[PDB]
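Enquirer: Need coordinates for the following:
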Amino acid sequence: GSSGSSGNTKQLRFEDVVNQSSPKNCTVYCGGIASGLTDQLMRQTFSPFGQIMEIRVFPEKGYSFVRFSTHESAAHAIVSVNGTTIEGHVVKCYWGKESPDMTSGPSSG
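Expert: Residues are numbered from 1 along each chain as shown. Below is the structure:
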């Protein structure tokens, strides 16, 4: 028989992901692919994971966007995709947050 145990606390808990960001804004930032980024890919990949609203593939930056109609579905695909290898390329699933358009006044801490 074989053995191999040396891990503790990994990935992201569904309860943690389904809260990180407001329930109103549900986005999934999938970054990793470089020589295999295609709308059909992300669509088919998240297709089942849940319902997809908008998809943006950036084969020049090495990342893509995927927003769901709900927070749950998004969290599911995230908790999973978060640490998966597509076509031999590790991808990262995050909560696509809208960039700050207006704010004025930097900070630090």
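
Enquirer: drop to CA atoms for contacts and neighbour counts, all remaining ones
Expert: Noted.

Enquirer: And the helices in the protein?
Expert: For the chain, applying DSSP state H gives helices covering 14-20, 39-49, 71-81.

Enquirer: Would you format those as JSON lines with mean neighbour count and distance to residue 107 included?
Expert: Formatted as JSON lines, the helices of the chain follow (neighbours: other C-alpha atoms under 10 Å; distance: least, C-alpha to C-alpha, whole Å):
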{"stretch": "helix 14-20", "mean neighbour count": "14", "distance to residue 107": "22"}
{"stretch": "helix 39-49", "mean neighbour count": "15", "distance to residue 107": "36"}
{"stretch": "helix 71-81", "mean neighbour count": "22", "distance to residue 107": "30"}
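
Enquirer: Which of those sits closest to residue 6?
Expert: helix 71-81 (20.6 Å; C-alpha to C-alpha).

Enquirer: Contacts for the closest one, please.
Expert: The contact list for helix 71-81, computed with C-alpha atoms under 8 Å, 6 or more residues apart in numbering, reads 11-14, 17-18, 23-28, 30, 46, 49-51, 67-68, 91-94.

Enquirer: returning to that earlier point: select, out of the helices of the chain, the one closest to residue 99.
Expert: The nearest among those, by C-alpha to C-alpha, is helix 14-20 at 16.4 Å.

Enquirer: roughly how far is the closest one from the heart of the chain?
Expert: 13 Å (C-alpha atoms, centre = their mean, to the nearest Å).

Enquirer: picking that back up, between the helices of the chain, which one is closest to residue 103.
Expert: helix 14-20 (21.6 Å).

Enquirer: Which elements pack onto the closest one?
Expert: helix 71-81 (3 or more C-alpha pairs under 8 Å, 6 or more residues apart in numbering; DSSP states H and E).

Enquirer: export the helices of the chain to JSON lines and tack on distance to residue 57?
Expert: JSON lines is the format used below for those (distance: least, C-alpha to C-alpha, whole Å):
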{"stretch": "helix 14-20", "distance to residue 57": "23"}
{"stretch": "helix 39-49", "distance to residue 57": "6"}
{"stretch": "helix 71-81", "distance to residue 57": "16"}
